[PDB]
Amino acid sequence: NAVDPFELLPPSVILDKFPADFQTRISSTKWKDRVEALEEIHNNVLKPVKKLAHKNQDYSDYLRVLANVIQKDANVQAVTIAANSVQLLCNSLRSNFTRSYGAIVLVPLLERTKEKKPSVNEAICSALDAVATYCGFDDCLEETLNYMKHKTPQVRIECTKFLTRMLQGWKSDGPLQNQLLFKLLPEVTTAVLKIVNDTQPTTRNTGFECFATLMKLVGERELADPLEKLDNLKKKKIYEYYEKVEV
Amino acid sequence: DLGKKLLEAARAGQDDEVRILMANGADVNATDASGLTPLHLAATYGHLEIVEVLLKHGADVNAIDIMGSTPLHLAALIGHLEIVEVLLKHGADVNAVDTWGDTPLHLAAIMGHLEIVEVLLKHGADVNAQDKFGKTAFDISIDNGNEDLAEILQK
Amino acid sequence: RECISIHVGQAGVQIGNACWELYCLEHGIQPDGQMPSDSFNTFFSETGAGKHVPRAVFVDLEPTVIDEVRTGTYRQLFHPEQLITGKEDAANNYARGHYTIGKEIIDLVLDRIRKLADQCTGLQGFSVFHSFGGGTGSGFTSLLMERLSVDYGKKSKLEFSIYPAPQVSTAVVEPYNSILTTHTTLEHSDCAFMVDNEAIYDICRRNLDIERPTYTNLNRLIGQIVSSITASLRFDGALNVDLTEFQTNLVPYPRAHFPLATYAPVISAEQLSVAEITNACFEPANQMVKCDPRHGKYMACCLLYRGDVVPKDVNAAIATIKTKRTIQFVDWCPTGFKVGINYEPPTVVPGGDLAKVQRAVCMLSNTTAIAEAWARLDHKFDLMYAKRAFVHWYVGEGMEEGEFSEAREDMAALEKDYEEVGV
Amino acid sequence: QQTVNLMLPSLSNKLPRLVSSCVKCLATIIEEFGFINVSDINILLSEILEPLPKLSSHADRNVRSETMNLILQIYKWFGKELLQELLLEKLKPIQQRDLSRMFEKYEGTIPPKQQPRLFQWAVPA
Amino acid sequence: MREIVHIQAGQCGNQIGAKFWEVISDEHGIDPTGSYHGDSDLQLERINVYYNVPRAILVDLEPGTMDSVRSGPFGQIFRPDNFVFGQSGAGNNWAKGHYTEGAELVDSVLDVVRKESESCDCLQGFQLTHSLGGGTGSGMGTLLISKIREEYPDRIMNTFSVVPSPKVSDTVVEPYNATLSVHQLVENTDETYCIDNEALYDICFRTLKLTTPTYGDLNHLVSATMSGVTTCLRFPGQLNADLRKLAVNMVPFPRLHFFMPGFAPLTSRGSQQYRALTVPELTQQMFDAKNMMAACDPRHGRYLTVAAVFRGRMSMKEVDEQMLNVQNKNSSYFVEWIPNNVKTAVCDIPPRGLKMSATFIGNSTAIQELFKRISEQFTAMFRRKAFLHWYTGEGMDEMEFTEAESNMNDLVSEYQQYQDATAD
Ligand SMILES: Nc1nc2c(ncn2[C@@H]2O[C@H](COP(=O)(O)OP(=O)(O)OP(=O)(O)O)[C@@H](O)[C@H]2O)c(=O)[nH]1
Ligand SMILES: Nc1nc2c(ncn2[C@@H]2O[C@H](COP(=O)(O)OP(=O)(O)O)[C@@H](O)[C@H]2O)c(=O)[nH]1
Ligand SMILES: [Mg+2]
Ligand SMILES: [Mg+2]
């Protein structure tokens with residue numbers, strides 16, 4: 297007995313909804329112009345709907361201006377309401393963000409994990425979770441690693457927590473020649489150890505989960521090689537999470 | 013609603029447009045969401061002519077809101093000495109209490125409005141009045157290192 | 002601040018004619034729309058050519074009545090897109106007005122309302138004129154009111170219901186239709202002035218001295234009393250200057266929003287004092303709804319005088335009645351009688367059986383005795399629904415039988431709501 | 135599906151007693167057979183759910199009454215989370231109450247364990 | 001709700017049908033050529051209802074009836090296309106009219122019905138005149154009704170069905186035919202005026218003192234009744250204006266839609282009357298069972314709903330008083346659980370040859386007496402199984418008779434239930 301996708305429900309189109317005074321309001325110098333412009337389409341145009349139009353709808357003009365703010369916009373509020381827009385698209389339009397869409401917002405989002413305001417990290421991470429659950433691990437696996445290597449302490453801990461989030465919901469079943477194994481020891485492990493051996497404890501402690509969520513996926517015997525090279529003292533922290541963690 | 017426009021004006025402080033709205037018979041004691049009359053709002057933000065205009069048109073000088081705040085509370089909190097004496101002259105409740113147990117004397121003492129403290133005191137403020145936690149205006153001066161206020165409270 | 006009026010069914014439409022006839026005489030507006038002469050533009054808009062058009066929609070599921078509008082004295086006054094007609098009427102069936110026929114035209118009607126609301130800048134709300142017992146008046150209105158609570162939800166809506174009366178009653182099922190609309194229109198109406206056609210009949214037989222009144226007779230009397238209530242909105246008085254104030258002054262409970270209107274004086278065309291007319295406001299014979307306020311508690315009370323009136327005479331007549339009668343109020347009321355005056359004289363129609371009076375008054379009072387009127391409908395309803403009589407007509411036009419009971423419980427609950435306030 | 139797909143258009147006919155009836159007939163080709171060996175069930179569910187709003191607001195008492203039965207026979211097989219997302223929301227509140235009252239009186243697993251009637255190939259199987 | 005399509009089927013159908021067109025053509029001021037020679041706007047205000062020329066379709070398996078209509082007075086006015094006639098006759102066999110011969114022709118009729126409906130601004134419904142003891146008027150009429158009911162389900166179906174009586178034809182199969190036809194009407198029509206030949210004879214014989222009434226004599230009473238009940242429909246007026254509103258305020262339970270009509274004053278064929286009756290006199294021809302067109306005693310049952318139509322110039326004040334009087338002075342005869350169940354309407358244009374008149378349409382439970390008579394005659398006939406081979410030979414099943422018998426008895430029981438009902 298197979299199940300249904302409830303997604304069969306007819307789709308809705310939002311392109312006609314946008315107003316003429318939208319592009320200039322988002323591309324304005326006055327912060328409240330931008331905020332209201334974004335906030336309007338979120339509360340009026342996206343939040344109501346429950347399924348966007350798959351057929352013949354190009355959002356990669358709208359999505360690249362959400363990225364422009366999420367990355368560069370100095371107003372943390374305009375970021376927050378934008379990443380919640382990005383999530384809504386990726387959520388109400390599942391199976392759309394194959395590359396052009398997903399990749400247009402991916403590396404901007406990972407840059408902005410730098411934000412430490414709880415509400416904002418909430419919105420950015422949850423949107424990263426959206427682009428992941430419908431594009432995992434297309435571009436994110438590689439680019440997530442890149443930003444674990446980044447200089448800002450916050451982006452390290454948050455992009456590593458991201459790999460942890462993704463890894464718990466990592467999916468089967470090809471052969472064991474998925475993108476995770478092709479780059480497992482070469483890249484994933486070499487980069488997770490950089491987190492495990494960070495100067496900060498709160499950083500290191502994210503690596504300890506992100507390594508014990510890794511062993512859970514790919515066998516505590518396969519990775520016993522870099523386990524030995526690790527401190528006996530760090531080892532029992534890694535094992536601590538291994539015993540609690542589920543994927 | 014004409015009672016809601018009179019709140020917008022009395023708050024933001026457009027002295028002239030109060031007279032316009034009141035000449036259209038607006039409710040002088042119109043309540044907003046949280047029970048705040050225009051007299052509350054003008055007394056918070058220091059619009060002396062708007063206070064005296066509303067009072068002489070029959071504004072409830074001792075009106076409370078959803079939290080038991082009278083306009084004299086809010087004037088003594090923010091520190092509007094001009095308005096405090098206008099309210100008191102129009103029969104304000106010098107020893108009014110709000111939901112947290114504070115009197116206007118509590119708020120003027122906490123915010124360091126020594127000039128308003130003395131005015132309230134001379135209108136028969138309760139110096140020994142306590143709040144929820146059990147603290148008087150005198151305890152606040154002891155707790156807040158304000159020897160200038162301790163002397164003004166025992167005068 | 003431009004109020005839009007809506008007229009549903011023959012009752013609304015034909016009372017509408019009487020009111021806009023009377024509005025145009027009070028404002029010196031011509032049948033062709035011109036004016037040789047602001048506060049009155051609450052109700053009328055203006056053409057570039059100096060023509061004053063009502064802010065009104067006329068609706069009927071059948072041409073006949075609205076056809077006479079647009080081939081009559083005031084055919085030029087309305088834009089033709091304002092007068093909307095279907096073809097099959099509701100046939101005294103709320104179900105057809107609300108479900109079967111009403112859904113075929115509701116969207117056209119809501120669209121034509123948007124065109125009048127788009128011309129308006131600071132729209133206040135809606136005045137709605139309709140019968141109770143009529144199928145269109147009950148069913149379609151209640152539908153339109155539901156949809157106006159969506160498309161204009163954040164603003165006021167006022168009812169002018171025609172309470173049914175066997176002396177002019179066209180249908181057996183008018184109790185059903187009354188209950189059904191009052192249930193579904195209860196949540197969507199902010200205030201509602203009932204008009205008992207029996208009282209208007211009684212008044213016209215006694216004070217206008219007519220043996221068998223016609224509908225024209227009833228309208229002239231009703232339109233006079235409607236004008237008295239809307240005078241504050243059309244001439245910029247002091248009291249009830251906008252639609253919110255009606256709820257502020259008269260409605261101290263969302264559900265209990267049914268004021269009793271009393272109008273004096275009604276003088277045949279074949285002068286009284288300020289005191290004499292104010293005493294007649296507490297005489298049941300001149301009420302618009304037949305009940306006994308002496309058996310009930312007042313939640314509020316407004317007096318709308320108009321004409322040759324001295325503000326001191328009013329205060330004397332008030333003190334007289336506040337001292338020399340026992341008008342019981344509820345304890346949680348401001349027990350102050352609100353007043354407003356408009357010095358312009360009551361206009362009558364040239365030819366009317368109603369005479370021009372020097373001064374006049376219309377007392378709006380939310381008394382609990384108006385529950386008596388709901389009891390009379392509820393009883394008639396109960397007798398027929400006990401046998402499920404005529405119910406197949408409704409159920410066969412898209413209506414669930416349960417809706418009858420859900421409505422009856424809402425009327426029983428309303429009768430309890432009136433009781434608990436008055437004890 | 136092929137039988138269902140052919141007799142669906144008749145729901146949109148003038149005569150009520152025909153749509154009254156052939157909604158009863160649709161509902162009992164389901165309660166006795168059911169959806170099995172159906173290529174694209176999603177496409178089929180959409181095609182038979184599409185008219186159910188209008189049918190449930192149809193003038194005829196019978197057309198309505200016999201549409202709540204067809205609703206139940208779809209719930210009786212994969213309801214109610216799905217039908218409340220797709221169809222319960224749109225019906226009169228009184229209606230969706232009766233449908234819930236109808237689901238309580240229903241006992242037995244969410245998809246029926248055994249069909250009251252089997253197909254051609256299925257019976258020998 | 002404007003136009004009404006009229007149908008007449010069978011001999012009786014076209015007889016009382018043509019008589020009806022004679023009466024209301026005069027009343028509306030139309031001549032046999034089809035031209036207005038009236039003198040009042042109250045006449046052409048709602049002429050669009052029955053006319054375009063009548064909106065009338067003429068039907069019979071008996072081809073002779075064709076000529077009996079056209080050779081009549083207003084026979085020239087009817088549209089030639091709207092005559093639809095068979096080769097042979099049904100010969101008092103309901104099955105021949107409903108299943109065999111009448112069914113073969115019914116398509117041709119529906120084609121004309123469609124044609125006349127096609128060019129209607131807004132149809133109200135239909136109007137069929139026919140007899141129930143016949144083969145064509147009953148069998149093909151009821152089959153026509155169902156065939157329209159399913160082709161036009163958003164419309165009213167209104168019949169003037171005349172009941173057979175031994176006093177007018179000694180044919181014993183009529184109880185069969187009328188029972189089978191009532192089994193149809195209770196399921197297929199919104200309202201049915203029960204014209205009883207038993208009562209038409211008893212009025213022509215006893216009240217009008219005619220020793221041998223002819224069809225023409227009975228048809229005079231009918232045509233005058235029909236113009237009376239259709240007065241609301243044909244002239245401007247507030248109350249009971251269109252067919253649906255009438256049925257809404259007349260029929261509280263779908264199966265109990267058989268009205269007992271009656272009107273006043275009862276006149277002979279072209280006789281002279283004294284001083285126009287007074288309003289209280291007219292009013293006192295309601296319970297007066299000698300004015301009922303159905304052979305039933307209103308005293309023996311209860312009125313569910315009543316419609317009164319007063320025609321002529323008179324005091325609206327006095328009519329209201331007299332009707333409000335007669336209701337409460339006989340309060341035990343009007344059902345209590347339907348308040349304001351009696352409705353009165355006035356039309357200023359009186360009928369032809371009378372200064373005042375009053376028609377009394379009533380849904381009285383006493384009508385069960387009528388269905389009792391038909392059923393007892395049916396059962397007496399059916400228990401001995403007489404003449405069944407006629408019906409069965411035409412494809413009918415013996416079971417049908419049992420179902421129609423039982424279904425009419427359920428109809429009688431229902432009337433008896435609401436008669437004994439209480440408000441308490
Ligand atoms: N006072 C007054 N009452 C009226 C007027 N017109 C109708 N009524 C009353 O309204 C009630 C219902 O009649 P209508 O309003 O005409 O019915 P409707 O709204 O047109 O609905 P349908 O005709 O069934 O489609 C009746 O009881 C009448 O007595 C009027 O012009 N003035
Ligand atoms: N009142 C009246 N009754 C008739 C007339 N002609 C026939 N009947 C009755 O109708 C029944 C016979 O049916 P009929 O209409 O003649 O047969 P059809 O031609 O097959 O419909 C008997 O009960 C007759 O008494 C008529 O002109 N007037
Ligand atoms: Mg009407
Ligand atoms: Mg014949």
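Residue numbers (the authors' numbering), protein chains in the order written: chain E, 297 to 543; chain G, 13 to 167; chain H, 2 to 38, 47 to 279, 285 to 437; chain L, 135 to 259; chain I, 1 to 42, 45 to 54, 62 to 360, 369 to 441. Beta carbons are placed, not taken as given, at the ideal position from N, Cα and C, and that holds for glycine.
**Report entry** Positions along the region 139 to 156 of chain L whose CB lies within less than 9 Å of some CB in chain I
**Finding:** Flagged, chain order: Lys148, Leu149, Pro150, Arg151, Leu152.
Report task. Hey, could you find the ends of the beta strand (DSSP E) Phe319 of chain I is sitting in? Result -> Counting along the chain, the beta strand (DSSP E) containing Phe319 of chain I begins and ends at 312 to 320.
Query raised in the report: Considering only the beta carbon of each residue, do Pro83 of chain G and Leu51 of chain G sit closer than 7 Å?
Result: Their beta carbons are under 7 Å apart, which means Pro83 of chain G touches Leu51 of chain G by this criterion.
Query - Neighbouring residues, chain L, relative to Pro162 of chain I (Cβ below 8 Å) - result: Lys148, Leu149, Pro150, listed in chain order.
Report task. Would you kindly report the start and end of the unbroken beta strand (DSSP E) that includes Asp205 of chain I? Result -> The continuous beta strand (DSSP E) containing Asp205 of chain I extends over residues 200 to 205.
**Report entry** Where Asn228 of chain H falls: helix, strand or coil (DSSP)
**Finding:** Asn228 of chain H: helix per DSSP, three-state reduction.
Query raised in the report: What did DSSP end up calling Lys338 of chain H once you bin it into helix, strand or coil?
Result: Three-state result, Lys338 of chain H: helix.
Report task. Count the other C-beta atoms from every protein chain shown that fall within 10 angstroms of the C-beta of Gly73 of chain I, then say buried if there are 16 or more, exposed otherwise. Result -> The residue in question, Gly73 of chain I, is exposed, as its Cβ has fewer than 16 Cβ neighbours within 10 Å.
**Report entry** Minimum Cβ-Cβ distance from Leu389 of chain E to chain L less than 7 Å
**Finding:** For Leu389 of chain E, no Cβ of chain L is located within less than 7 Å of the residue's own Cβ.
**Report entry** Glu505 of chain E classed as buried or exposed, judged by whether at least 16 other C-beta atoms fall within 10 angstroms
**Finding:** Buried: at least 16 other Cβ atoms inside 10 Å.
Report task. Report yes if the C-beta of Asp98 of chain H is less than 6 Å from at least one heavy atom of ligand 6; otherwise report no. Result -> Of the ligands this structure carries, namely ligand 1, ligand 2, ligand 3 and ligand 4, none is ligand 6.
**Report entry** At least three beta-carbon pairs within less than 8 Å, the region 198 to 218 of chain H to the region 420 to 430 of chain H
**Finding:** In short, these stretches do not touch, since the Cβ pair count stays below three.
Report task. Can you give me the Cβ contacts of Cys129 of chain H inside the same chain, cut-off strictly under 6 Å, excluding the 5 residues immediately before and after it? Result -> In its chain, beyond the 5 residues on either side, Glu3 have a beta carbon closer than 6 Å to the beta carbon of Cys129 of chain H.
**Report entry** At least three beta-carbon pairs within less than 8 Å, the region 236 to 248 of chain L to the region 184 to 197 of chain L
**Finding:** Touching, no.
Report task. List the residues of chain H that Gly37 of chain G touches, going by C-beta distances under 8 Å, in chain order. Result -> Close partners of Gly37 of chain G in chain H (Cβ separation under 8 Å): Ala247, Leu248, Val250.
Query raised in the report: Is the beta carbon of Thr180 of chain I within less than 6 Å of some heavy atom of ligand 4?
Result: Every heavy atom of ligand 4 is 6 Å or more from the Cβ of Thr180 of chain I, so no.
Query raised in the report: Is DSSP giving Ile378 of chain I helix, strand or coil here?
Result: Strand.
Query - Rounded separation between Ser180 of chain L and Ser190 of chain L - CA only - result: So the two alpha carbons sit approximately 16 Å from each other.
**Report entry** Span of the alpha helix (DSSP H) around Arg373 of chain H
**Finding:** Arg373 of chain H: not part of any alpha helix (DSSP H); member of the beta strand (DSSP E) spanning 373 to 381, first to last residue.
Query raised in the report: Quick one: what's got a C-beta closer than 7 Å to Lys60 of chain H's C-beta in the same chain, skipping five residues either side?
Result: Excluding sequence positions up to five before and after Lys60 of chain H, its CB lies within less than 7 Å of the CB of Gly34, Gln35, all in the same chain and listed in chain order.
Query raised in the report: Can you check whether the CB of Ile93 of chain H is closer than 7 Å to the CB of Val74 of chain H?
Result: No, Cβ-Cβ distance for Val74 of chain H and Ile93 of chain H is not below 7 Å.
**Report entry** Contact with chain E by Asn176 of chain L, beta-carbon distance below 7 Å
**Finding:** Yes - at least one Cβ of chain E is within 7 Å of the one on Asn176 of chain L.
Query raised in the report: In its own chain, which residues sit with a C-beta less than 6 Å from the C-beta of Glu27 of chain H, not counting the 5 before and 5 after it?
Result: Closer than 6 Å at the Cβ level, and outside the excluded window around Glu27 of chain H, lie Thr361.
**Report entry** Member of H:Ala369, H:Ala270, H:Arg308, H:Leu230 whose CA lies at the smallest distance from the CA of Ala278 of chain H
**Finding:** Nearest Cα to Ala278 of chain H within the set H:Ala369, H:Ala270, H:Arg308, H:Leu230: H:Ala369.
Query raised in the report: Taking three-plus beta-carbon pairs below 8 Å as touching, is the region 218 to 233 of chain I in contact with the region 371 to 389 of chain H?
Result: They do not touch, by the three-pair rule.
**Report entry** Candidates H:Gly142, H:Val324, H:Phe343, H:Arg320: closest to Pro307 of chain H by CA position
**Finding:** Taking only the C-alpha atoms, the option nearest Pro307 of chain H is H:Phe343.
Query - Cross-chain neighbours of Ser191 of chain L in chain H, by beta carbon under 9 Å - result: Chain H residues near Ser191 of chain L: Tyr108, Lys112, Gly412.
Query raised in the report: Does the beta-carbon distance from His139 of chain I to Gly10 of chain I come in below 7 Å?
Result: In this structure, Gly10 of chain I lies closer than 7 Å to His139 of chain I by Cβ.
Query raised in the report: Using a Cβ-Cβ cut-off of 7 Å (strictly less than) and excluding sequence neighbours within five positions of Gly398 of chain E, which residues of its own chain qualify?
Result: Taken in chain order, the residues that qualify are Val427, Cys431, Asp434, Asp435.
Query raised in the report: Can you check whether the CB of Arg48 of chain I is closer than 7 Å to the CB of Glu125 of chain I?
Result: Against a cut-off of 7 Å, the Cβ pair of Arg48 of chain I and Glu125 of chain I comes out as no contact.
Query raised in the report: Going by Cα to Cα distance, which pick from L:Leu149, L:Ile228, L:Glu166, L:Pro143 is closest to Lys247 of chain L?
Result: Nearest of L:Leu149, L:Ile228, L:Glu166, L:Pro143 to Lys247 of chain L, Cα basis: L:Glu166.
Query raised in the report: Which residues bound the beta strand (DSSP E) around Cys20 of chain H?
Result: For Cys20 of chain H, no beta strand (DSSP E) run applies; the uninterrupted alpha helix (DSSP H) run containing it begins and ends at 10 to 27, by DSSP.
Report task. For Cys25 of chain H, verify whether its CB is less than 6 Å away from any heavy atom of ligand 2. Result -> Checking the Cβ of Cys25 of chain H against ligand 2 gives no.
Query raised in the report: What runs of the alpha helix (DSSP H), each 4 residues or longer, lie entirely inside the region 107 to 151 of chain I?
Result: With a minimum length of 4 residues, the continuous alpha helix (DSSP H) runs that stay inside the region 107 to 151 of chain I are 110 to 127.
**Report entry** Neighbour list for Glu290 of chain H in chain L, Cβ cutoff strictly below 9 Å
**Finding:** Listed by position along chain L, the residues whose Cβ is nearer than 9 Å to that of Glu290 of chain H form an empty set, because the closest Cβ is around 53 Å away.
Query raised in the report: With DSSP run on the structure shown, which of helix, strand or coil describes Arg500 of chain E?
Result: Note: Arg500 of chain E maps to helix in three-state DSSP.
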